[PDB]
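Here is the naming used below: chain letters follow the sequence lines, and residue numbers restart at 1 for every chain.
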Amino acid sequence: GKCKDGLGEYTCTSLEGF
Amino acid sequence: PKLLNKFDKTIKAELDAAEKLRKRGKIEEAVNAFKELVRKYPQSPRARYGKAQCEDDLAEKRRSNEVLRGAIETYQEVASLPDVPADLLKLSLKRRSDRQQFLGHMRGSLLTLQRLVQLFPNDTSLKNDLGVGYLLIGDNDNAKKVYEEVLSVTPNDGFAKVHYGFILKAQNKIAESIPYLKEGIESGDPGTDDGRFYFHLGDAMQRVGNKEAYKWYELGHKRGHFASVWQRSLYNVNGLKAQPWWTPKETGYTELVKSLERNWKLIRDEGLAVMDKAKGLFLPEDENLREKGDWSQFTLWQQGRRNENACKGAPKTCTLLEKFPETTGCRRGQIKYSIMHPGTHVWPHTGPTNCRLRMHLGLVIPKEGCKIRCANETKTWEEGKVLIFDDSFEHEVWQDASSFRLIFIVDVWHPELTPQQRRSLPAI
Ligand SMILES: O=C(O)CCC(=O)C(=O)O
Ligand SMILES: [Fe+3]
């Protein structure tokens with residue numbers, strides 16, 4: 001899921017290391 | 001913490017020497033020091049753990065994913081050695097999971113946490129960590145089952161309470177989630193003073209009509225989670241001008257605004273054509289922001305990525321917009337048609353970030369029944385005119401007309417963001 005209009009997800013970003 | 005088994009106690013002198021090098025910042029020399037101990041003592045868990053920690057520090061010094069991948073394997077090697085003490089085993093695998101999450105190996109982190117839960121079935125904190133692992137991949141069902149097990153043995157664990165309440169609210173069990181979110185925050189346990197729980201507790205209270213909702217927005221603001229009671233975005237760049245309503249001149253994006261208003265009828269007509277001939281391109285709103293009604297969006301750009309198949313349906317509008325990277329390159333916004341029918345009420349809510357401004361172009365606006373509130377001011381749309389507000393402020397929408405209402409939504413970067421920030425901020 002994505003945080004498009006609100007903050008419904010536990011996290012809104014993705015981790016990609018450094 | 002007991003980190004030395006029987007054999008490691010006999011070589012404690014060699015082990016402490018290498019660790020002092022790692023503590024003195026001489027990481028490269030401590031790497032070779034622990035590598036030499038692993039060669040001379042291939043079954044030493046402390047020597048293996050020292051090699052992993054040094055690989056961990058070296059990965060930061062060089063910001064290297066490849067080096068961190070090696071440290072992740074070395075942490076696992078510690079677990080495969082014989083006669084590993086329980087404190088060393090827990091520490092190596094927990095750090096391995098944490099670094100797997102940092103790299104984005106969320107599936108790998110989940111398996112590491114599952115192994116920890118099997119090894120130490122009584123440590124509830126490891127269960128709480130396994131729950132977070134399920135939440136990071138979006139598996140709210142398995143996360144729910146985990147926190148139910150934790151609350152069965154530790155009924156007053158605040159960390160498990162807020163996470164259970166978050167899952168309940170995510171499942172639209174609004175009235176049920178409130179006691180778990182409130183009591184979890186009030187527990188003060190580590191991990192419960194988090195903006196995400198103040199945000200959803202206050203929103204759950206708003207949806208059931210509880211007046212105590214704004215008392216929690218106050219406490220969230222006072223503890224540093226919200227810029228204000230009204231502006232509750234959680235992914236913020238500090239210092240950006242905070243204001244509910246903007247004028248085009250204030251944004252500096254006058255050329256975009258003029259282009260939208262001058263060419264508004266062509267944007268309308270392509271949206272109407274999609275409604276008539278390809279209505280399947282309009283997708284229902286899916287973030288549980290409606291109390292009731294019908295509300296759908298047809299998205300052309302998202303996270304700064306053009307939707308190719310969508311632009312086949314609105315080709316002139318996509319051609320017009322591609323001249324303005326301030327919106328097409330906004331990796332924390334969207335460009336989309338938005339249709340709303342009568343009988344629709346959108347709950348008060350805020351967007352996730354203060355890094356965008358949200359523009360509305362009116363396309364088909366009934367003469368009565370449609371209005372939008374942002375903070376303490378309610379306004380209406382006009383056909384062919386742009387409205388600009390900061391959707392990180394609480395906003396609410398009503399549709400009580402006798403026909404549909406169609407607008408065009410164009411997100412832009414906040415004007416005060418530097419070009420370096422617009423390129424480096426993680427997409428949302
Ligand atoms: O009125 C609409 O279509 C969307 C309103 C809204 O919540 C927004 O623009 O973020
Ligand atoms: Fe909104």
Side-chain angles (χ1 to χ4, degrees), chain A residues 1-7 9 11-14 17-18, chain B residues 104 231 233-240 242-243 246-248 250-264 266-267 270-271 281 283 287 297-304 306-311 313-322 324-338 350-361 363 386-393 407-419 421-422 424-428:
Chain A
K2 306 288 188 57
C3 301
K4 304 178 292 286
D5 296 320
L7 278 154
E9 306 300 319
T11 179
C12 297
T13 53
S14 77
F18 293 108
Chain B
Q231 186 184 28
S233 51
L234 286 180
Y235 293 84
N236 305 317
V237 170
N238 304 282
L240 300 178
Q243 169 173 319
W246 290 62
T247 72
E250 290 176 313
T251 68
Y253 298 136
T254 52
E255 292 306 308
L256 170 59
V257 169
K258 282 172 179 178
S259 178
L260 293 171
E261 298 192 340
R262 287 171 185 174
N263 299 287
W264 75 275
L266 91 86
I267 297 177
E270 292 195 317
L281 294 180
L283 301 178
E287 289 170 274
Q297 296 151 303
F298 167 43
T299 300
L300 309 184
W301 266 266
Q302 183 167 337
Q303 292 188 343
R306 180 184 168 117
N307 193 294
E308 224 60 46
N309 192 258
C311 280
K316 296 179 185 296
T317 298
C318 289
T319 298
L320 179 79
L321 271 293
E322 77 181 16
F324 302 98
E326 55 263 48
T327 181
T328 63
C330 181
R331 291 170 302 100
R332 297 194 166 186
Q334 307 96 44
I335 302 172
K336 57 193 179 187
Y337 291 92
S338 189
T350 77
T353 183
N354 76 338
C355 293
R356 61 158 185 248
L357 299 187
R358 180 153 280 195
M359 301 186 175
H360 285 182
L361 172 69
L363 299 182
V386 170
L387 280 175
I388 309 176
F389 67 103
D390 182 353
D391 85 318
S392 69
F393 284 78
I407 66 176
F408 194 55
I409 301 181
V410 178
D411 295 331
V412 295
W413 284 120
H414 190 286
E416 299 183 343
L417 289 173
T418 63
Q421 294 172 310
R422 307 185 184 197
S424 59
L425 292 177
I428 301 175

Is a side-chain N or O of B:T319 found less than 3.5 angstrom from the main chain of B:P315, in a donor-acceptor match?
yes
Residue that, paired with B:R356, satisfies side chain to side chain contact (heavy atoms under 4.5 Å, CB included) out of B:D411, B:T327, B:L417:
B:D411
Gap separating the CD1 atom of B:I409 from the CG atom of B:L300, nearest 0.5 angstrom:
11.0 Å
Which value, rounded to the nearest 0.5 Å, describes the distance between B:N354 atom CG and B:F393 atom CZ?
9.0 Å
Does the side chain to side chain donor-acceptor pair (under 3.5 Å) test come out yes or no for B:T328 and B:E322, once each step is laid out?
CA-CA 6 Å; B:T328 63; B:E322 77 181 16; over 6 Å; no
Between B:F408 and B:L321, is any pair of side-chain heavy atoms under 4.5 Å apart?
yes
Side chains of B:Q297 and B:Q334: closer than 4.5 Å at any heavy-atom pair?
no
Check: B:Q302 side chain, B:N307 main-chain N or O, donor-acceptor pair, under 3.5 Å
no
Using side chain to side chain contact (heavy atoms under 4.5 Å, CB included), reason through B:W413 and B:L425 one step at a time and then give a plain yes or no.
CA-CA 11 Å; B:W413 284 120; B:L425 292 177; 4.0 Å; yes
Do B:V412 and B:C330 come within less than 4.5 Å of each other through their side chains, counting heavy atoms only?
no
Any side-chain donor paired with an acceptor under 3.5 Å for B:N236 and B:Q231?
no
Rounded to the nearest 0.5 Å, how far does NE2 of B:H360 lie from CG of B:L387?
8.0 Å
Using the rule given for side chain to side chain contact (heavy atoms under 4.5 Å, CB included), can you reason through B:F324 versus B:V257, listing the C-alpha separation, both sets of side-chain angles and the distance that settles it, and then say yes or no?
CA-CA 10 Å; B:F324 302 98; B:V257 169; over 6 Å; no
So, for B:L281 and B:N309, which heavy atoms are closest and what is the spacing to 0.1 Å?
CD2-OD1, 4.3 Å
Validation row: B:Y253, B:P415 side chains within 4.5 angstrom (heavy atoms):
yes
Where B:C355 and B:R332 come nearest, the two heavy atoms and their spacing
SG-NH1, 3.7 Å
When every non-hydrogen atom of B:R422 is compared with those of B:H414, the smallest separation belongs to NH2-O, 3.4 Å
Might you point out which heavy atoms bring B:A314 and B:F298 nearest each other, and give the distance in Å?
CB-CE2, 4.5 Å
dist B:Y337:OH -> B:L361:CG (nearest 0.5 Å) comes out at 9.0 Å
Strictly by modelled atom types, are B:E250 and B:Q243 linked by a side-chain donor-acceptor pair under 3.5 Å?
yes
How long is the span from the CD1 atom in B:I388 to the CH2 atom in B:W246, to the nearest 0.5 Å?
9.0 Å
Measure across B:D391 and B:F389 and return the closest heavy-atom pair with its distance rounded to 0.1 Å.
CB-CE1, 3.4 Å
Would you compute the distance between atom CD1 of B:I267 and atom CG of B:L320 and round it to the nearest 0.5 angstrom?
5.5 Å
Indicate the atoms forming the closest heavy-atom contact of B:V386 with B:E261, along with that distance.
N-OE2, 3.0 Å
